[PDB]
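So the chains spell out like this:
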Amino acid sequence: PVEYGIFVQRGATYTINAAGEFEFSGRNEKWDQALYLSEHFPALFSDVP
Amino acid sequence: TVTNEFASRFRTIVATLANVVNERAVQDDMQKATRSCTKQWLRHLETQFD
Amino acid sequence: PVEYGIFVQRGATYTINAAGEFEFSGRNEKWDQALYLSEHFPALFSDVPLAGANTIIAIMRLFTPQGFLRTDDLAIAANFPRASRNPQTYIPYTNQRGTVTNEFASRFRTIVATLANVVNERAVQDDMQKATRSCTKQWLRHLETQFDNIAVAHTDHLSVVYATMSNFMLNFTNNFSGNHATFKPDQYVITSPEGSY
Amino acid sequence: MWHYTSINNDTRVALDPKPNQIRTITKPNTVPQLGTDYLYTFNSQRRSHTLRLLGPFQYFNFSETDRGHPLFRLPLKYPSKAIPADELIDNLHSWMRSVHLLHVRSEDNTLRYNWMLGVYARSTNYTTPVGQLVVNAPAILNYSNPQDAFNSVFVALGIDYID
Amino acid sequence: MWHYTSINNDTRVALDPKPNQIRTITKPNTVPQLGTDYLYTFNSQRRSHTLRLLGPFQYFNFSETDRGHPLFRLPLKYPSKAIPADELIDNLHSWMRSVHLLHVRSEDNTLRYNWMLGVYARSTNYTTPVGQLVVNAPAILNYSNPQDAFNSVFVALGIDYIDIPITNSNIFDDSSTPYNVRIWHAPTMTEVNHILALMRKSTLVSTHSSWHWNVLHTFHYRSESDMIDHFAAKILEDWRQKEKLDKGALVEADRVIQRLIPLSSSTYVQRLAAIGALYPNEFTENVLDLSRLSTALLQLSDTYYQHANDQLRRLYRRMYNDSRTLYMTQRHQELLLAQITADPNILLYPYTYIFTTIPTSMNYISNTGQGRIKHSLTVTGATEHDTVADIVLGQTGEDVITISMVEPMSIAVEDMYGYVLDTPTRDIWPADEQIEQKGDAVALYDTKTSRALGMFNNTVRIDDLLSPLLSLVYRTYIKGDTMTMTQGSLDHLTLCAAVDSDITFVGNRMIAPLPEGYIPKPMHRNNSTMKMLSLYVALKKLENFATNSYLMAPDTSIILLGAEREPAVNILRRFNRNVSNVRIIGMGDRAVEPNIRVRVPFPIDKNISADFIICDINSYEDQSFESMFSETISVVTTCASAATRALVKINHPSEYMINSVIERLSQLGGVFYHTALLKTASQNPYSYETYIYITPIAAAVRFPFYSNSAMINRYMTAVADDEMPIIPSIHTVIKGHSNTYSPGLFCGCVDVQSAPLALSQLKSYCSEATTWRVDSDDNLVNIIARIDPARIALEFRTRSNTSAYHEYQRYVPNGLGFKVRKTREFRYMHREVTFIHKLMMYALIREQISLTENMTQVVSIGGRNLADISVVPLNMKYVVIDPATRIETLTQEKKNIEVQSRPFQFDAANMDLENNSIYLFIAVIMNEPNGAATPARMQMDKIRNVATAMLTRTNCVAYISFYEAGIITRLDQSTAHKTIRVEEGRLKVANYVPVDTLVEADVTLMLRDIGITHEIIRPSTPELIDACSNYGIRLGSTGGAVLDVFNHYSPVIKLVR
Amino acid sequence: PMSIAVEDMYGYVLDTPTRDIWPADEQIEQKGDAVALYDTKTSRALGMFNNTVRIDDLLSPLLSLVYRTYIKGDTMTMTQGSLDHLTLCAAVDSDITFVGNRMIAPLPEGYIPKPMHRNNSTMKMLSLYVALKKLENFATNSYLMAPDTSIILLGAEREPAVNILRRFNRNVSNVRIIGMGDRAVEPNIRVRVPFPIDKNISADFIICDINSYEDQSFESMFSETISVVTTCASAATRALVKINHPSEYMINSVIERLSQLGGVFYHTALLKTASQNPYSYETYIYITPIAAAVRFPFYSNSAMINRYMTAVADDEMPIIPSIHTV
């Protein structure tokens, strides 16, 4: 629960900017596949510590 | 829980009613057998509720 | 109900910290035998005194074993395999020859006296008829006489069977230190660096 | 003497112990004392028995099991004289020793136990979802930023509030 | 004192009785006694029952039949009171008589019974083979050579060993035994070697360096925890023993090294045994909490290795791996050589390693009892810190420590009733002066007083200041502890203020005990209560001043005024209950019965009258100055006409207001009234409101009018402040050597390892810093530390940053304190009035020195402990000239101080004063350097010589503080004397010899004949607020009364060039 | 164990200075003898006796009996400020209230206060407090502080003496009884010699019991104890500071230091209390300014000094009491 609250506080998703850096949403939002074609990525798979 | 709190509350209720029925029976000089029988019945209720 | 309230509020189980103090779970929960291999112990068997639950603790002291921790001498002279660095078995009861009275049996008389005053206190709580109470007592006394009969056969005969059997070649593990409060079996595993142990 | 001057600080936060002190906040060893651990008054001309606890216990939701303790049956042993201090102290000590809030002691000096939620989880025997959170993650009660102490629970459980 | 000296003897052998005494060792006849046969303690706060037996029975394995005895069921008859001694003694006697060890008495004088084995055979009912040996041959227990006592049993039975269980020394603790001893066959040294070699093959096993009965025996543990506890115990015993061997004492110990050797063990025990022979601990006489010893000793080890130089570290590792070896000092081995030469057949542990050189580690403080340490951090030390990282302090719970706003007063009961009074000084009141005073007063009332002043006035309420005291007088009464006090005494009055009930006396001194079952409620005093009581006392003492019983005369009346005065009336009434015919009336707005309610102006038809009057009426909060003027004038008129002995409050005691009061009374009565300006110690310390005593007298008053009075100055100088008042911060971060810190505290906590560092950084700001741990388990040291500005003035003169960091390292982890109980600390601590005065002076002089230009140096004369250093700005050089100050040259070099440890030469010719320098003779001229008081003429000689020496220098400035004579005449009138009091005419500051005082007119007279320019000056209110807010200090209750007078009559003389 | 009267342990003897001058030719001799003594250390037998015959153990049976008669209520009457009062305060760790001038308030039923835990130097510090009260007056019967006066004990682990003095003066208004020294716990402030330069202690009484550092150059201990004496002398009009190494040179140089400190000589004396360990050569030095110019300010061939000077390191290892059987 605690690691989860930390992670989700960082954001449930992220976008990559032109410089290549990750940019997390800061928000908990349920994923939809509608997003797969958008700029967003699930944040669980970012592999950013 | 190892123990069901609702059931345990019924055990306390029944303990109270038991000392109540008992206090009555001693007030009315009731025979020991019938008193033991009311108590066995109350205990049975406790097990059933549990 | 009240002694139980206190006791289980202390914790259903406990573990032993490196300081060796028992630390109780502080939580009601049923035991499962899975836990037997864990760091956890049932808390009834802690023998750690607790105010206001003395009756439970006493009824618990009745469970403490009457034997001793024999060394496996002959299995050592034989170089019989033994996992422990010092092999030992708990014989359930010592031999008792010289005495007019069998100490194991007498311990059963004390246990039974306790249970007797316990069952009695219950029967008066439940206004039970005198006849049935006298019958439970006669039954307990009978148990005492029976135990006094067989006690010599246990302490003075069966114990030696145990004491040989401790040295049988394949009885290789340590089973019990004789102290319920702090005994966990040593746990060996066959660990490959590749697959799971 | 015009301007208002004041130091603001959160008492409900200040009153909440660091996790290492939770094991001993019951004061298992020493006996409770008036004006410190607790305070009592028998109000005469009205025959009432006010026992208020002090320190962290001043905010404490009792378990029904706590209400099964003799300490609460105590006023019933009266009216009308004030309860003897010896019986009061022995009982209240026994009860105090009875509580065992779930926690996990840590080395960090920034942390404090979220006393309210852990007491509350004890109060419901950890049946409520916040309760079973408190069972499977006692660490969730420890916190440095006071606000995130609750946010971690609201996010772990997904809930909009806790009554 | 080099060599170890000791007598070795086997106690386990000495304790074993000769066979003839075994029949009577049970003491069949005589009853057992405490401190002889046994000892018992019921440990309170823990509800435990320790019964330890003494004599041979201290080592006794009980039979289960022995455990069937009532004596062991005894603790069960409790909790919680200690077991009655009669039942204890009867039972223990019965049990003792129950034992009957098998033996055969003989005539030979060499023999003794082998108590251990016979007791053990009893314990198993002689079922065990050693047991049946003891049955068929009791003689086998008797022995002359101690060793053969066991060898005879090992050979008769053929066994290689015997495992004897040991019981807990306490016999009421029926629980699993930690381990068991095991006697081995031995007897040659070789057999011992072999056994010990074979013991490496066993599991949890250890041995002492030598053995009782000279029979090798090893301990075998149930678990590593039990083993660790045994090791820690024995380590503490060897430490405690070698501590007295090093001190050269003869020691009767059984063996030279009391540490165990782990023949086979867990790693924790190896690290214990390793740390054990290092002997890290400093000698200590404090009681230890043994219950946690293991933890302590482990943590110590963990830190010892953690901050030891690489070679000592490796030495520790060597001992840690070669744990089977017994490490020992050369002197130990010398002792072993001696005891071997005496007894060649003695067996000693063979694998040992002698230290050619003892390790030179820092000794560790290691008190593990209760109590916070109160460090006083040194400014500098051997360690040279450079760019140390900021140390965050963790937040603490209220459970560990609470931070209340103001430290409650801790004065004597009588102390709160004292008052000081300022007499009028000027003989006339010219109208040209009146315009000035009326103007200053009007402007003051319009702009209001200082915001900081009123913040302190409202924060430091007197009621809360006196609460702990009054409540204690209440609490000792209700539990009946009080019983004797004089009627009319201050303790009587205070008892009346503590308790809301009538307080009858039976006889002149005894108080009537309260009827059983009846506990009176506390008296509910509002803030102004104690003050009114203090004024009642003030009137009783102004009436007589030889009084001891402050009690109304029969048939006399007093009438308190002001809002909500009811409690003071109920208290005065109950206090005077035994006096016949006393009227104690009350008035004022918002009054409840008994008090009559009225508003100012009093109704014109009304006609109050009494032998005493006490007005405490407040000024209306919003009205024109002329309005308050007519109002308080009318109040004073009413109070003066009503009673011969009025005491009326002046809320706005301007020179103009009070002098106009004198004018009003003068035109009212013709002859002037004998007015005085009283200030009681039950007033809120910062209150500028001051009472004015008023009485007709037959003598025509000379100098009726006030000017430049102390009580007046306290109000006049509280001008509305330039800047919003400072609020005491609680800093958490500890930056290293950073100047930026607002006044306040460092409350917080940090891991014990960072504790030496935190203390080392705190010293830059804090003079002293209390620290502790909650428990041996918790790793965080809590710290509270006031920020003292003086330390900031010292530590920031140069960029150097040094500390006694290693000395602080010596504390980890047990040396920093321990305390389970909650501690309360305060944003505003109490300090003595004289100290607050010195601070006000230092502020006055600091604020003066900052303004002046081109001053190369400040030279404080007689400034012990650099006391004046706060005054001097961080860049300017600071010279001290005092014989008493003691400094290493490197320290003055470190902080740009320049000490000259010679007495200052007050002879005018050789007094070498520099140009562009600021001399500081604060509080020094009155005393000779040795501390003896100088005659006042000598002080005048001092000031003469210093001004005459200043006559040639340019840009020179000097501040010569000196006591004024006027204070004496005031102190002779006043009853307050908590810290300032006359002694045959010389005022006595606390911890100082009373000193003769100078007359200011004579001082300015000689100063003007000398012709040097000069200015008499005193610290004012803004200086008070600056000192108090900056140091985190609140003024005392008595301090509030005495401070205005004490400060006004201790002028600084500012000579200048 | 000792079997003396209760008052007997509080007594002290004092040796006055005898010689009117301190010639430098003598100073070289004394400085030499003192240096050599400090370097070779004192007699091994001496220190064995000093460590074997601890005063705490010597007085234990007595203090424990005063404790035991109190808890069973046998005691009840004693003067406040009396030596029996003080010793009762040292026997028992609890406040001791009086009801009336002579009666002691009986302990509440069911409450038995624990024994006071004194370390070895406790009784000595109490003996020095009494020593100061008697040096102040010598006609005194009530050894009790005057109201509004302060005393400040120094040295390591002085806390019990402070708790005892405090509980003993509980009925006196406004008494500061401060404690200092290394390894101090609250109430006592902790400090190390030299005292921090910013620090400024002051009191009407001072009692230094600070130990010399165990391993330092003689000049080092010299500057240290000189600085200690300076601090104690400046702090209070009536100091009593321990000298661990009371050589003729050390003490006379102390007199020189005070003489250049205050101008006129202080009225020094060499006190030795009965609560000291009997073989201790450490001796206290009373120090006070007086209006009279001291004649014969300096010591020579003094008793307290001789006790130390003559404990030269011994020729032969000390004898150990045998228990002969044949």
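Basis of the calculations
- Residues numbered from 1 in each chain as written, not as in the entry; some residues may be left out.
- Chains lettered and ligands numbered in written order.
- Part of a larger assembly, values for the part shown.
- Heavy atoms only, no water.
- Helix = DSSP H or I, 4+ residues; strand = E, 2+ residues; numbered from the N terminus.
- Buried < 20%, exposed > 50% of the residue type's maximum accessible area, 1.4 Å probe, protein only.
- Contact = heavy atoms within 4.5 Å.
- Areas by Shrake-Rupley, 256 points an atom, 1.4 Å probe, with all protein chains shown as cover.
- Rg over C-alpha atoms; globule rule 2.2 N^0.38 Å.
- Pairing = 2+ DSSP bridges.
- Axes fitted to C-alpha atoms, helices over the stretch in contact; angles between N-to-C directions.
- Salt bridge = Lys/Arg side-chain N within 4 Å of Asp/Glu carboxyl O.
- Buried area = accessible area lost by both parts, 1.4 Å probe.

Looking at the method and resolution fields of the entry, one finds cryo-EM and 3.1000 Å.

Across its full length, chain A carries one helix and three strands. From first element to last, N terminus to C terminus, chain A shows the α and β order α-β-β-β. If you line up chain A on its principal axes, its C-alpha atoms span 30 × 25 × 15 Å. Taken across its 49 residues, chain A has 20% of its residues classed as buried. Contacts spanning at least 24 positions in sequence make up 45% of the contacts within chain A whose residues lie at least 6 apart. Per element, the accessible surface of chain A, about 3800 Å² overall, is 59% carbon and sulfur.

A count of helices and strands for chain F gives nine helices and eight strands. Here the C-alpha atoms of chain F give a radius of gyration of 21 Å, agreeing with the 20 Å that 2.2 N^0.38 yields for 326 residues. Across chain F, the fraction of contacts at a sequence separation of at least 24, relative to all contacts at a separation of at least 6, is 78%. Accessible surface, chain F as shown: approximately 13700 Å² in total, 54% of it carbon and sulfur.

Moving on, we get to the pairing of strand β38 (residues 1052-1056) of chain E. Residues and elements named next belong to chain E. Judged by how many residues are buried, β38 sits mostly within the fold: four of five residues are covered. The pairing of strand β33 (residues 957-961) with β38 spans five bridges and is antiparallel. Bridged to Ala958 within β38 is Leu1055. As paired elements, strand β36 (residues 1014-1017) and β38 share four bridges and run antiparallel to each other. Along β38, the bridge assignment pairs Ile1017 with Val1052.

Right, let's talk about the sheet that holds strand β3 (residues 176-179) of chain F for a bit. Residues and elements named next belong to chain F. Ordered by their spatial adjacency, seven strands build an open sheet running β1-β7-β8-β6-β5-β2-β3, and the pairing between neighbours is mixed. Of all the strands in the sheet, the pair left with one neighbour each is β1 (12-15) and β3. For this sheet the average axis-to-axis angle between neighbouring strands, irrespective of direction, equals 20°. Taken together, the three bridges between strand β5 (residues 205-208) and strand β6 (residues 239-243) define a ladder with parallel strand orientation. Counted as the bridge partner of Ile207 is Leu240 from β6. In this fold helix α5 (residues 122-136) packs onto β1, β2 (150-153), β5, β6, β7 (269-273) and β8 (283-287), with an angle of close to 145° to the strand it touches most, β5. Packing of helix α8 (residues 248-262) onto the sheet brings it into contact with β6, β7 and β8, and relative to β8 it is tilted by some 20°.

Our focus in this paragraph is the sheet that holds strand β16 (residues 583-586) of chain E. Residues and elements named next belong to chain E. Read across the sheet, seven strands follow the order β14-β19-β20-β18-β17-β15-β16 without closing on themselves; strand pairing throughout is mixed. Two strands bound the open sheet, and with one partner strand each, they are β14 (419-422) and β16. Going from strand to strand, the sheet's axes swing by 20° on average, the running direction of each strand aside. Where strand β17 (residues 612-615) and strand β18 (residues 646-650) come together, three bridges link them in parallel fashion. Each residue of the ladder has a partner; that of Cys615, found in β18, is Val648. Along the sheet face, helix α21 (residues 655-669) touches β18, β19 (676-680) and β20 (690-694) and points at about 20° away from the line of β20. Lying on the sheet, helix α32 (residues 1037-1048) is in contact with β14 and β19; it crosses β19 at an angle near 140°.

If you walk through the whole model with that rule in mind, you get 60 salt bridges over all chains. For the salt bridge of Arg331(E) with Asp246(E), the shortest nitrogen-to-oxygen distance reads 2.9 Å. Of the two residues, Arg331(E) is situated in helix α13 (residues 330-342) and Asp246(E) in the loop between α9 (224-245) and β7 (260-264); the sequence distance between them amounts to 85 residues. Residue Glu795(E) is joined to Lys763(E) by a salt bridge in which the shortest nitrogen-to-oxygen separation is 2.8 Å. With a gap of 32 residues between them, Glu795(E) in helix α24 (residues 789-795) and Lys763(E) in the loop between α23 (755-762) and β24 (769-773) connect regions that are remote in the sequence. A relative accessible area of 0% means that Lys763(E) is categorised as buried. Connected via shared salt-bridge partners are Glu282(E), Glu285(E), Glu807(E), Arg810(E), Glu157(F), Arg183(F) and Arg192(F).

Let us look at the interface of chain F and chain E. Each partner contributes to the interface: chain F provides 59 residues, whereas chain E provides 64 residues. Interface area for chain F against chain E, summed over the two sides, is near 5000 Å², with a carbon-plus-sulfur share of 51%. Applying the counting criterion to the chain F and chain E interface returns six salt bridges. Across the salt bridge formed by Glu282(E) and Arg183(F), the nearest N and O atoms sit 3.1 Å from each other.

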